[PDB]
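Here is the structure we will look at.
Protein chains in written order, with the entry's author numbering: chain A, 99 to 147; chain B, 294 to 341; chain C, 2 to 110; chain D, 2 to 110; chain E, 2 to 110.
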């Protein structure tokens with residue numbers, strides 16, 4: 099009923115992506131603390147790392 | 294280095310590649326190093 | 002009732018650049034766009050990748066074409082994902098299918 | 002009097018990047034720049050690509066060279082015109098003449 | 002005390018882009034980064050390059066790995082300094098060493 103600019107759609111894609119990286123980073127931020135005060139032992143290991 | 298901002302919490306960045314592919318990209322970088330001064334302060338009891 | 006999941010299409014696998022080129026082709030049937038290909042062993046004419054010989058996949062298509070298409074537009078650099086790319090059933094052992102583009106800027110992710 | 006044609010220089014075909022690399026060369030005569038080359042069989046030493054050894058075309062020279070030219074500079078990426086690059090006459094069959102660079106990132110556009 | 006010669010971190014010899022690719026590894030021993038690679042004879046699974054198999058260099062390792070590492074990342078494009086490369090011991094002749102990457106985008110500068 100009400101379409102919009104693909105260019106503005108591009109902006110919305112940009113901002114949702116922004117929130118996506120923020121959440122993704124914060125998610126490993128909690129994971130580090132989880133390992134830390136859950137075992138006192140931790141392994142920071144992944145592909146290309 | 295170009296902004297001398299190596300020391301920070303996070304790092305946003307945006308950029309774009311030229312040529313017949315017109316493609317921008319967004320880039321975030323940080324070095325999470327979360328640590329605890331007193332490791333033995335907490336006791337992890339695995340309940341059963 | 003109906004579900005039309007609005008999903009995106011990201012054939013590119015990584016931000017590394019993808020390069021294109023053109024060359025005459027000698028297909029035998031319809032070749033869907035972005036499909037692996039080889040070079041003929043007799044006349045060195047562009048042919049479809051069989052999926053049986055290892056390391057002979059050399060190119061991936063760009064636009065829809067058939068055996069009627071004398072020339073083919075194909076990609077020769079970049080990284081593309083596991084999923085979006087189409088393989089014949091002949092290539093059955095997947096770890097074998099990993100190293101089809103060994104030695105080429107075309108890469109698997 | 003007499004008119005002469007002043008024309009630009011366009012060896013490239015598209016905006017794709019062109020990369021150079023160096024390796025010692027084992028020519029048999031004077032070899033002008035931008036010439037196809039292969040490796041030998043015994044020591045696989047660098048030589049000009051003959052035009053008959055299929056699949057051996059691996060590089061395109063950058064600077065004209067000779068016997069005294071121990072090393073060679075040669076282009077490793079991009080696409081260049083059909084017309085501009087000078088090839089040996091032993092490459093007498095056109096269909097394999099396009100496809101001489103199979104597996105290489107350097108291409109004919 | 003003692004000498005303190007320290008060097009910068011730029012193995013690159015040219016401004017050419019460096020590209021990486023990931024593929025399942027089949028090593029039998031620990032292999033640090035900047036280690037060359039072969040495919041096996043039958044499974045053509047990833048191993049380190051021996052230095053005797055001609056033209057078998059398929060990639061140069063990006064990060065350190067071992068036989069426990071199922072998959073590995075390796076550089077696939079650009080030119081890099083000879084001095085920084087960890088050549089295998091069986092690769093005893095520099096004349097055949099420089100062109101171990103014949104037909105590939107990996108180059109020695």
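Built from N, CA and C at the ideal position, the CB exists for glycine as well.
For residue i and chain A, any beta-carbon pair shorter than 9 Å?
i: residue 323 (chain B); result: yes
i: residue 332 (chain B); result: yes
i: residue 295 (chain B); result: no
i: residue 340 (chain B); result: no
Would a check of beta-carbon distances place residue i closer than 9 Å to chain C?
i: residue 110 (chain D); result: yes
i: residue 82 (chain D); result: no
i: residue 59 (chain E); result: yes
i: residue 23 (chain E); result: yes
i: residue 100 (chain D); result: yes
i: residue 17 (chain D); result: yes
i: residue 106 (chain E); result: yes
Taking the straight line between their C-alpha atoms, what separation do you get for residue i and residue j?
i: residue 22 (chain C); j: residue 134 (chain A); result: 52 Å
i: residue 1 (chain C); j: residue 100 (chain C); result: For residue 1 (chain C) there is no data in the structure shown, the boundaries of chain C being 2 and 110.
i: residue 145 (chain A); j: residue 70 (chain E); result: 10 Å
i: residue 313 (chain B); j: residue 17 (chain E); result: 19 Å
i: residue 82 (chain C); j: residue 10 (chain C); result: 11 Å
i: residue 110 (chain A); j: residue 311 (chain B); result: 23 Å
i: residue 106 (chain E); j: residue 306 (chain B); result: 29 Å
i: residue 129 (chain A); j: residue 75 (chain D); result: 50 Å
i: residue 33 (chain C); j: residue 103 (chain D); result: 21 Å
i: residue 316 (chain B); j: residue 309 (chain B); result: 6 Å
i: residue 100 (chain A); j: residue 119 (chain A); result: 29 Å
i: residue 92 (chain C); j: residue 86 (chain C); result: 13 Å
i: residue 104 (chain A); j: residue 121 (chain A); result: 25 Å
i: residue 303 (chain B); j: residue 8 (chain D); result: 53 Å
i: residue 113 (chain A); j: residue 4 (chain C); result: 26 Å
i: residue 102 (chain A); j: residue 319 (chain B); result: 23 Å
i: residue 106 (chain A); j: residue 117 (chain A); result: 17 Å
i: residue 330 (chain B); j: residue 298 (chain B); result: 26 Å
i: residue 124 (chain A); j: residue 300 (chain B); result: 18 Å
i: residue 77 (chain C); j: residue 50 (chain C); result: 15 Å
Between the options, which has its C-alpha nearest residue i's C-alpha?
i: residue 143 (chain A); options: A:116, A:126, A:106; result: A:126
i: residue 96 (chain D); options: D:39, D:5, D:52, D:11; result: D:52
i: residue 40 (chain E); options: E:89, E:30, E:31, E:24; result: E:24
i: residue 84 (chain C); options: C:6, C:3, C:12; result: C:12
i: residue 109 (chain C); options: C:4, C:15, C:27; result: C:15
i: residue 89 (chain D); options: D:105, D:58, D:81; result: D:58
i: residue 94 (chain D); options: C:77, C:93, C:45, C:86; result: C:45
i: residue 43 (chain D); options: E:33, E:2, E:54; result: E:54
i: residue 338 (chain B); options: A:105, A:113, A:102, A:136; result: A:136
i: residue 26 (chain D); options: D:3, D:65, D:47; result: D:47
i: residue 132 (chain A); options: B:320, B:335, B:322, B:341; result: B:335
i: residue 140 (chain A); options: B:327, B:340, B:341; result: B:327
Round the Cβ separation of residue i and residue j to the nearest angstrom and send it over; I've been treating them as touching at under 8 Å.
i: residue 62 (chain D); j: residue 35 (chain D); result: 6 Å
i: residue 79 (chain E); j: residue 19 (chain E); result: 4 Å
i: residue 68 (chain E); j: residue 28 (chain E); result: 4 Å
i: residue 138 (chain A); j: residue 332 (chain B); result: 5 Å
Residue i CB to nearest chain D CB: under 9 Å?
i: residue 45 (chain E); result: no
i: residue 79 (chain E); result: yes
i: residue 51 (chain E); result: no
i: residue 2 (chain E); result: no
i: residue 97 (chain E); result: yes
i: residue 62 (chain C); result: no
i: residue 73 (chain C); result: no
Provide the residue span of the beta strand (DSSP E) that contains residue i, from first to last.
i: residue 113 (chain A); result: It is not in any beta strand (DSSP E) - residue 113 (chain A) instead sits in the alpha helix (DSSP H) that spans 104-137.
i: residue 317 (chain B); result: 316-321
i: residue 306 (chain B); result: 305-310
i: residue 24 (chain C); result: 21-25
i: residue 48 (chain D); result: 47-49
i: residue 40 (chain E); result: 38-40
i: residue 72 (chain C); result: 72-76
i: residue 61 (chain D); result: 60-62
i: residue 108 (chain C); result: 107-109
Mind checking which residues open and close the alpha helix (DSSP H) that includes residue i?
i: residue 31 (chain D); result: Premise fails: residue 31 (chain D) is in no alpha helix (DSSP H) and is neither H nor E.
i: residue 80 (chain C); result: Per DSSP, residue 80 (chain C) belongs to no alpha helix (DSSP H); it is in the beta strand (DSSP E), 79-81.
i: residue 96 (chain D); result: 95-99
Quick check: is the beta carbon of residue i nearer than 9 Å to any beta carbon in chain B?
i: residue 145 (chain A); result: no
Does residue i have its Cβ less than 9 Å from a Cβ in chain E?
i: residue 28 (chain D); result: no
i: residue 89 (chain C); result: no
i: residue 54 (chain D); result: no
i: residue 103 (chain C); result: yes
i: residue 9 (chain D); result: no
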